[PDB]
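Take a look at the structure set out below.
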2 protein chains.
Amino acid sequence: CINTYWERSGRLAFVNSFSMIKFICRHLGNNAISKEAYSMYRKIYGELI
Amino acid sequence: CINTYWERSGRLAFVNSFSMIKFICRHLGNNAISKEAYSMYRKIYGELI
């Protein structure tokens, strides 16, 4: 889901709820997801901290 | 490990221990490790000195 929504359109997904954000930060981090989107996902949690 | 972590993300590994920094600076200065990530270790050692 995230990979396609990021490649086709210049946006990141699942910004709707906090639990999905915490998990996508946590369990994800494999090569499978693009790092360009992934650092943008991490920065949200960093700002919350 | 260092080549994979630098290419997976624009960050360098083994930054924790000074011994590992001295090893990455001493050996591994040939083409085996990526040039850009090695320049960081050179800059760290140079700043220390």
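Ordering of the structure tokens sets the chain letters (A, B, ...), residue numbers begin anew at 1 in every chain, and ligands are numbered from 1 in the order given.
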Compute the set of chain A residues within 12 Å of chain B, using only C-alpha atoms, and express it as a PyMOL selection string. chain A and resi 29-39
Output N, CA, C and O atoms of each residue in that selection to a file, as a PDB file, in the first residue's frame.
```
ATOM      1  N   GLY A  29      11.012  -0.688   8.428  1.00  0.00           N
ATOM      2  CA  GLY A  29      12.435  -0.403   8.438  1.00  0.00           C
ATOM      3  C   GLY A  29      13.226  -1.344   7.564  1.00  0.00           C
ATOM      4  O   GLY A  29      14.461  -1.245   7.521  1.00  0.00           O
ATOM      5  N   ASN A  30      12.556  -2.281   6.904  1.00  0.00           N
ATOM      6  CA  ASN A  30      13.200  -3.136   5.922  1.00  0.00           C
ATOM      7  C   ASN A  30      13.333  -2.408   4.593  1.00  0.00           C
ATOM      8  O   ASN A  30      12.630  -1.428   4.331  1.00  0.00           O
ATOM      9  N   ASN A  31      14.248  -2.894   3.759  1.00  0.00           N
ATOM     10  CA  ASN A  31      14.446  -2.387   2.406  1.00  0.00           C
ATOM     11  C   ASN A  31      13.143  -2.277   1.622  1.00  0.00           C
ATOM     12  O   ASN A  31      13.046  -1.480   0.685  1.00  0.00           O
ATOM     13  N   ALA A  32      12.142  -3.076   2.001  1.00  0.00           N
ATOM     14  CA  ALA A  32      10.917  -3.180   1.215  1.00  0.00           C
ATOM     15  C   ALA A  32      10.234  -1.828   1.053  1.00  0.00           C
ATOM     16  O   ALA A  32       9.695  -1.521  -0.016  1.00  0.00           O
ATOM     17  N   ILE A  33      10.226  -1.018   2.091  1.00  0.00           N
ATOM     18  CA  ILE A  33       9.661   0.323   1.987  1.00  0.00           C
ATOM     19  C   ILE A  33      10.760   1.314   1.636  1.00  0.00           C
ATOM     20  O   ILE A  33      11.903   1.186   2.090  1.00  0.00           O
ATOM     21  N   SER A  34      10.415   2.294   0.805  1.00  0.00           N
ATOM     22  CA  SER A  34      11.376   3.303   0.385  1.00  0.00           C
ATOM     23  C   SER A  34      11.795   4.160   1.570  1.00  0.00           C
ATOM     24  O   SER A  34      10.960   4.626   2.346  1.00  0.00           O
ATOM     25  N   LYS A  35      13.106   4.375   1.697  1.00  0.00           N
ATOM     26  CA  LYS A  35      13.623   5.130   2.832  1.00  0.00           C
ATOM     27  C   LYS A  35      13.214   6.594   2.772  1.00  0.00           C
ATOM     28  O   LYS A  35      13.098   7.248   3.816  1.00  0.00           O
ATOM     29  N   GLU A  36      13.001   7.125   1.568  1.00  0.00           N
ATOM     30  CA  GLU A  36      12.580   8.514   1.437  1.00  0.00           C
ATOM     31  C   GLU A  36      11.289   8.757   2.197  1.00  0.00           C
ATOM     32  O   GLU A  36      11.168   9.741   2.934  1.00  0.00           O
ATOM     33  N   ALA A  37      10.323   7.857   2.049  1.00  0.00           N
ATOM     34  CA  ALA A  37       9.107   7.963   2.838  1.00  0.00           C
ATOM     35  C   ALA A  37       9.368   7.605   4.295  1.00  0.00           C
ATOM     36  O   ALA A  37       8.724   8.148   5.200  1.00  0.00           O
ATOM     37  N   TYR A  38      10.327   6.715   4.546  1.00  0.00           N
ATOM     38  CA  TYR A  38      10.461   6.176   5.890  1.00  0.00           C
ATOM     39  C   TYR A  38      11.047   7.200   6.850  1.00  0.00           C
ATOM     40  O   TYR A  38      10.645   7.261   8.017  1.00  0.00           O
ATOM     41  N   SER A  39      11.999   8.010   6.392  1.00  0.00           N
ATOM     42  CA  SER A  39      12.514   9.050   7.272  1.00  0.00           C
ATOM     43  C   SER A  39      11.445  10.087   7.570  1.00  0.00           C
ATOM     44  O   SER A  39      11.383  10.612   8.689  1.00  0.00           O
TER      45      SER A  39
END
```
What does the C-alpha RMSD come to when chain B is least-squares superposed onto chain A, all C-alpha atoms paired in sequence order? 0.6 Å
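Reported to one decimal place, the separation of atom CA of residue 48 of chain A from atom CA of residue 15 of chain A is 14.0 Å.
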Please identify all polymer residues within 9 Å of residue 45 of chain A, counting only C-alpha atoms, omitting same-chain residues fewer than 5 positions from it, and present them as a list in words. residues 21, 22 and 25 of chain A
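Taking atom CA of residue 26 of chain A and atom CA of residue 42 of chain A as the two end points, the separation is 9.0 Å.
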What residues in chain A get the DSSP label alpha helix (DSSP H)? Please answer as a count of residues only. 30
Measure the distance from atom CA of residue 44 of chain A to atom CA of residue 18 of chain A in Å and round it to one decimal.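 Straight-line distance from atom CA of residue 44 of chain A to atom CA of residue 18 of chain A works out to 10.2 Å.
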